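Structure, as structure tokens:
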Amino acid sequence: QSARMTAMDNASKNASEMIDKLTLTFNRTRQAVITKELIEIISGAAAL
Amino acid sequence: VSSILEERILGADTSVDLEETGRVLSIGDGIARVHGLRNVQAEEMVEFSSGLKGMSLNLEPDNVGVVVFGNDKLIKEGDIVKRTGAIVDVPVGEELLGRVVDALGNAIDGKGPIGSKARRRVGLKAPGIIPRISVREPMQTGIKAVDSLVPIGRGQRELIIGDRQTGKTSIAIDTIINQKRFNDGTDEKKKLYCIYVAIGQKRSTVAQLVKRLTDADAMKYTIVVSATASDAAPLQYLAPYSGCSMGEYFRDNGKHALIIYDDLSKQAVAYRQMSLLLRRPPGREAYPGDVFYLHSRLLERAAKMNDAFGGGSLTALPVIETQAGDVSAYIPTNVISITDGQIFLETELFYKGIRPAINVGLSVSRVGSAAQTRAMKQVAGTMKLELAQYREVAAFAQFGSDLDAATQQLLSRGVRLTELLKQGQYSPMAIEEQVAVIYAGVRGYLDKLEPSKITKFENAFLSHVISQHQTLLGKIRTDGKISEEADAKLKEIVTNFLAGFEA
Amino acid sequence: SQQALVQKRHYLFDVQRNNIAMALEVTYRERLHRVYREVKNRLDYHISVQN
Amino acid sequence: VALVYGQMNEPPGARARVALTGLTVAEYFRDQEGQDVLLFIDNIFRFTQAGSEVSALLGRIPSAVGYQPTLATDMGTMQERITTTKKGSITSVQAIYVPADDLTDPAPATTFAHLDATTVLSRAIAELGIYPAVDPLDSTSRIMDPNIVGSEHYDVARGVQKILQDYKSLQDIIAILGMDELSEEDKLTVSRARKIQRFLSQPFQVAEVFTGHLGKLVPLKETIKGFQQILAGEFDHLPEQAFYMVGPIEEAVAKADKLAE
Amino acid sequence: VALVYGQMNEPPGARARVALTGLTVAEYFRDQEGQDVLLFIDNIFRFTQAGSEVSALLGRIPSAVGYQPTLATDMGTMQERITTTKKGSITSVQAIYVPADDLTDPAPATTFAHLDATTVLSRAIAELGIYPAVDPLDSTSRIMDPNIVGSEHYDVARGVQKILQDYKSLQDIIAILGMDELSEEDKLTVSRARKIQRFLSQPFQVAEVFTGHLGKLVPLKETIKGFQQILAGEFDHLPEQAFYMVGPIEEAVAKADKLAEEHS
Amino acid sequence: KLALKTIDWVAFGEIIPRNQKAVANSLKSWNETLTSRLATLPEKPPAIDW
Amino acid sequence: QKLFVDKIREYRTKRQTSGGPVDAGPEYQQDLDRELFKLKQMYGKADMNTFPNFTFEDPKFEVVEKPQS
Ligand SMILES: Nc1ncnc2c1ncn2[C@@H]1O[C@H](COP(=O)(O)OP(=O)(O)O)[C@@H](O)[C@H]1O
Ligand SMILES: [Mg+2]
């Protein structure tokens, strides 16, 4: 029980770190998708 | 010399005639706004005075956008543009077989001119619901995985979708190299005339492709149609329609034909270049609207013909690459939506070890068991259901969720059939050896046999069956169904070979 | 059972006999294919030089 | 049956307006024929693709993801023409494509806004192996109310949806440690929900060539009794593959007897 | 060696025509002299990017991500002229920048289409410390074929790629849980994989200023023998620190012996 | 010009000593490979036309 | 029939100029030598007449023996 508590503490910490990293790459992917869709709409309305 | 003399001086008519022309405005980047052609018809082959064709699209009241078939240095502002008088057309014959033909009709391989007879319009209308009949013939590829999970029908279209560098062109060339044994045989229904339209590739890949087909003796089904990278964007645009028109010639004569559209996304990007240079509004990912209509024409030019219309079939298989496996991109969603059969390669199984790298459950053939032989249907349906069970139980029991005897049975049979479906490059096998080896894999006799030893089992088993069991394989492939005496005989031979394998 | 293994003693030596016969026949057929290959090479080289 | 068929390789004016041709024929069979008529429109996403292609070429600014700005208005016209009126009764089953399983595409979202009882046909439950890979956890119904259908049918439907929705979070609990620590009752409801989800599969008569099984017909009361009998605790001992490709509960009994002895 | 330089200080019209310059020099040395030339073109994304800058000024409609519509065919003509022909041989090594590490960008994607041997000199494997940080999975070559490179080289290469793909799946599991959730098969795969992944790294001659080691020139048969021994698993006792910046496998055995002796 | 006598390869396993079992494996696998090498070759190409 | 009969006449004049390929220059023979050199590469260093057959090899399979069965 002592070593299991230690292993689950360290696994929660590693999972929280990877949640933080994946949230950062989710946000930059979100911004890239918004900018891509925006450039497509603006390019369409300008080439019209 | 003298024959060359007389063919030069008799062949050209020099029959001058009054003809519609028009001068040229902006010759931008392969596009030419031509002022004057007030009787040109839409999408027509027209001819620039330096000897080079162009195709008239985008008829506007100002001017006509003719997009050139080739180089742009050879065109100035102010030169004539003569109407040829007809829609752009492809010269098709059966003497076009085994010869690399540049996208219009122009055989650029150094083996003389093409002996064509039947000119054909390239933008033709596909057949309707009455001239078509359903898939009946089993289009075999020689790949165990394709012919046992996603079989093709003579009468059908089926994608080869993946990411870059996965084995898609190699699957297409396995499909080509299988059909030699049906060409040199007896039945006309088995024989193959295929058209490999290489869109937007490099010339040395097409050259080494022709090397592999000539060394494998493929050049009587095959018609290689190369619109490479240095070719203009309308040659890359128009090349798979040319291969479709040649396939339609063979189909409407009544010969079972196919077309492999290698790198069909290059047609999509060449047509994107054409639309953005002809100033059409861009849609999504800067591809215009009618890219789906483009590929939809191109891919619905193929299904089995009626028994009163010759009986010839067409098998369209286009090869398409995604980027980072993104199936949700514009061209993969369009080309999945038009086709029905589709073979999915994910690539992590290519680096993990199965070849050809069909990563699988995404891949589906809607015609299913109708496009198999009777033996492969009798054997390989429980294999597909077992692989589905295996995939889902391994997916939740990645860590050892619950292991009874049933779960280790599922993982055992799943891993063993996974190593059954491995197959080397450029080695297609016939249907009867596939029925024999999937019989040795699914119907017991391999479930507890050390999964690293499956490949040597494959090699020694094929050596055994090709050694003293050729007439029995003849019975299997000619009788259709695997008969009950042949069933118990395959049981006895796989048991004897299990002894000789643990010998 | 040792009597039964005594009776079967004309199989191993037969395997050596037909192994040697198949090796020699394959070698003679390789002679045939090889000289076909080189005369093929000569005639195709002359044809390509003329072309 | 009256068939109106526009092929997938026609220009977008012929691939948008052919749905409207089917609407016009089925309106005449509803307006002044005086007949209960049903219309099967497969597959209204070519309508929106055709509209997006002409709107690229007509000279209109591209909207959100790349479709026309007149998406909701045009599909509102051609989906409010197709409804039952006081003159006649018309029921419309619509096979509606979504691109690469993306339900947040605006044309499937507005199509959701026009329906009465949808049915999601996912893929993930066919990666499992259940066909068609039907999501009822994303499916809707205007018809499902305790006065319309009943209290028995409604309560067994909400019980099946409750035990399948709980099976997802419980399965994500399983996915790290396994079947060891859930509980007695937690492992029991995981196996019960998995057994229900295998019982949702049903062999179609038209699909006797994909799986080989002949295919059966199941009435409503038999479905209510079968799911109420799986929720009632009668079949906690039979394996999950006994319920896989069956019709009534008697077929599951017969397949369990075939697998056992 | 002849030299052509159109370096990054140049206006975009100049940089859009440097590959053409050095390429027609090397195309002279192929055609009308018959030599076996090398063509070292760094960095062909600068060619494509100068094309995009000019085309944004040329009034053409912007294509996808921000490039020109003529990305496939301008680079198409320029890459099709870089070819080995009957008249002579070109071996052309060309460095191809990727913008912001996107391999889905249109210019690197079409350049993957136009090549015979790719090498994905990644960055994350340099975060791990391996130099060059060649992603070897996404790197392939057209010439790897058992009817060309032999059966031994092919089996060793595909085994190395198999062990590294299994290590990628297992490093997902390791990054969440840890290495105390793996079996003996999984841990032997992880250990052999880290040994192989360190042994791919070698010190170069030109990068002797950054590291400390001299330039190691590893022959072919020693590469096959070293990776074949590590793959077959004869080195289940050496540390993974002994395979880093090594070269030949005898240098790895000697580094492990010298590590044990300096700990002695 | 071949004289072939095929046996069932079970008595080939029943007939060998422990001393030459590895060499019998080598001769068996080499004979299997050589029979396959025979089977891959057709008898002769046609004569070169003139 | 204006131009092509003049071209016919010049086909005669190039045809009458036999005794070697017309007005060739040295780079003609240089291109001949490079193409002939690649053609020398595609077979080796053999002769254009009196072809050789093979080098007579000998398949030597070692005699299997045994002490005692
Ligand atoms: N059955 C197979 N066995 C071994 N290697 C294979 C097999 N199928 C494909 N490959 C590999 O796939 C590569 C070719 O991929 P290819 O079909 O050219 O993809 P793309 O056309 O997208 O570049 C080759 O390097 C080859 O080694
Ligand atoms: Mg390809």
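What follows is calculated from the coordinates using simple rules that are stated; it is not laboratory data. All Cβ positions, even for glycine, are placed from backbone atoms using ideal geometry, and neighbour counts span all protein chains on display.
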Dipole of the range D:187-261 (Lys/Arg Cβ +1, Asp/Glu Cβ -1, origin at the Cα centre): which of D:238, D:188, D:256 lies farthest to the positive side?
-> D:188
Mind listing P(r) for the range A:8-48? All alpha-carbon pairs, 10 Å bins, whole percents.
-> 27, 26, 20, 15, 9, 3
What's the extension gain from residue E:127 to residue E:263 if we count 0.36 nm per residue and subtract their Cα-Cα distance?
-> 46.2 nm
Using R₀ = 45 Å, calculate the FRET efficiency as 1/(1 + (r/R₀)^6) where r is the Cβ-Cβ separation of residue E:33 and residue A:42; round to 0.05.
-> 0.30
Give me a single rounded figure for G:50-61: the average over its residues of other chain Cβ atoms within 10 Å of their Cβ.
-> 4
Where trypsin sites (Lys or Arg not before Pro) fall in DSSP loop in the range F:1-31, at most 13 other Cβ within 10 Å | F:1, F:5, F:18
For n ≥ 4 DSSP H runs only, could you compute -39500 (n - 2.57) per run for the protein assembly as shown, divide by its residues and tell me the 222 nm figure to the nearest 500?
-> -15000 deg cm²/dmol
For the range E:143-255, with only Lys/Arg (+1) and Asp/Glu (-1) charged at the beta-carbon, what is the dipole magnitude about the Cα centre, in debye rounded to 20?
-> 340
Hey, got the dipole for chain A? About the Cα centre, +1 on K and R Cβ, -1 on D and E Cβ, debye to the nearest 20?
-> 100
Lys/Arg Cβ at +1, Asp/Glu Cβ at -1, dipole of the protein assembly as shown taken about the Cα centre: which of B:332, B:138, B:320 is farthest positive-ward?
-> B:138
Classified through the alpha carbon gyration tensor (a ≥ b ≥ c as square roots of its eigenvalues; rounded if a/c is under 1.5, else prolate when a/b is larger than b/c, else oblate), chain F comes out prolate
Please name whichever of B:463, B:405, B:431 sits farthest to the positive end of the charge dipole of the range B:373-503, dipole taken about the Cα centre and charges placed at Cβ: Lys and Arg +1, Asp and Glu -1.
-> B:431
For the range B:17-86, averaging the sequence separation of alpha carbon pairs under 8 Å that lie six or more residues apart and dividing by its residue count, the contact order in percent is 40
Run the quick spin-label model on residue G:66 and residue B:443: label points 7 Å from Cα toward the beta carbon, then report their separation in nm to one decimal.
-> 3.6
For chain A and the range B:58-94, write down the distance between their C-alpha centroids in whole Å.
-> 50
Quick note, the range E:113-154: a/c under 1.5 would make it rounded; otherwise a/b > b/c is prolate and the rest oblate (a ≥ b ≥ c, C-alpha gyration tensor); here it is oblate
Kindly give the semi-axes, whole Å and largest first, of the ellipsoid equivalent to the range B:415-482, taking each as the square root of 5 times a Cα gyration tensor eigenvalue.
-> 21, 13, 11
Give me the percent of DSSP beta bridges within chain B that run antiparallel, rounded to the nearest 5.
-> 55
Ordering of G:11-19, E:37-45, B:84-92 by packing [mean C-beta count within 10 Å, highest first] | B:84-92, E:37-45, G:11-19
Charge dipole (debye, nearest 20) of chain G; +1 at Cβ of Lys and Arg, -1 at Cβ of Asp and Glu | 640
For the range B:342-454, projected area of the alpha-carbon convex hull averaged over all directions, nm² = 7.8
Of the convex hull drawn through the C-alpha atoms of the range E:3-136, the volume per residue in Å³ is 126
Per residue of A:34-46, how many C-beta atoms from partner chains lie within 10 Å of its own C-beta, taken as a mean?
-> 5
First check a/c for the range B:17-86, with a ≥ b ≥ c the square roots of the eigenvalues of its C-alpha gyration tensor; if it is under 1.5, answer rounded, and if not, answer prolate when a/b is larger than b/c or oblate otherwise.
-> rounded
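Kirkwood Rh over Cα pairs of the protein assembly as shown into Stokes-Einstein at 10 °C, 1.306 mPa s: D in µm²/s? Before the final figure, lay out each step's value.
Working: Rh = 35.4 Å.
Once the numbers are plugged in, D ends up at 45 µm²/s.
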Relative contact order of chain D, pairs being alpha-carbon contacts under 8 Å that are 6 or more residues apart, as % | 12
Per residue convex hull volume, Cα atoms of chain E, in Å³ | 171
Residue-averaged beta-carbon neighbours from other chains (10 angstrom radius) around D:48-55 = 4
Centre separation in Å (Cα based) which lies between the range B:174-228 and the range E:3-63 | 36
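Calculate how large, on average over all directions, the projected area of the Cα convex hull of the range D:107-261 is; give the answer in nm² to one decimal.
Values: hull surface 44.8 nm².
Taking a quarter of the hull surface, the average projection is 11.2 nm².
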For the range D:137-188, which GluC sites (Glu not before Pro) are in a loop by DSSP, counting at most 12 other Cβ atoms within 10 Å?
-> D:181
Using the Karplus equation 6.51 cos²θ - 1.76 cosθ + 1.60 (θ = phi - 60°), what ³J(HN,Hα) coupling, rounded to whole Hz, does each residue of the range B:278-292 give in order, writing x for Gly and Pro?
-> 7, 6, 5, x, x, x, 10, 6, 6, 6, x, x, 8, 5, 5
Normalised per residue, the volume of the convex hull around the Cα set of the range B:87-372 (Å³) = 130
Put a dot 7 Å past each Cα toward the Cβ at residue B:502 and residue E:151; how far apart are the dots in nm?
-> 2.7
Restricting to the protein assembly as shown, what percent of DSSP beta bridges are antiparallel, rounded to 5?
-> 50
Within the range E:28-130, DSSP-loop trypsin sites (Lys or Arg not before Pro) with at most 13 other C-beta atoms within 10 Å are E:86, E:123
Table column - 3J(HN,Hα) (Hz), the range E:169-181, Karplus curve with 6.51, -1.76, 1.60, x for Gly and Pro = 4, 5, 7, 4, 5, 5, 5, 7, 7, x, 7, 8, 10
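What is the range B:87-372's relative contact order, in percent, from Cα pairs under 8 angstrom and six or more apart in sequence?
Taking the mean separation of contacting Cα pairs over the length of the range B:87-372, I get 27 percent.
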What share of Cα pairs, in percent, lie more than 17 angstrom apart in the range D:2-65?
-> 48
Quickly work out the residue B:427-to-residue E:221 label distance, labels modelled 7 Å from Cα along the C-beta direction, and quote it in nm with one decimal.
-> 2.7
Show the residues, 5+ positions off or on another chain, whose built amide H is closer than 5 Å to the amide H of residue E:38.
-> E:91
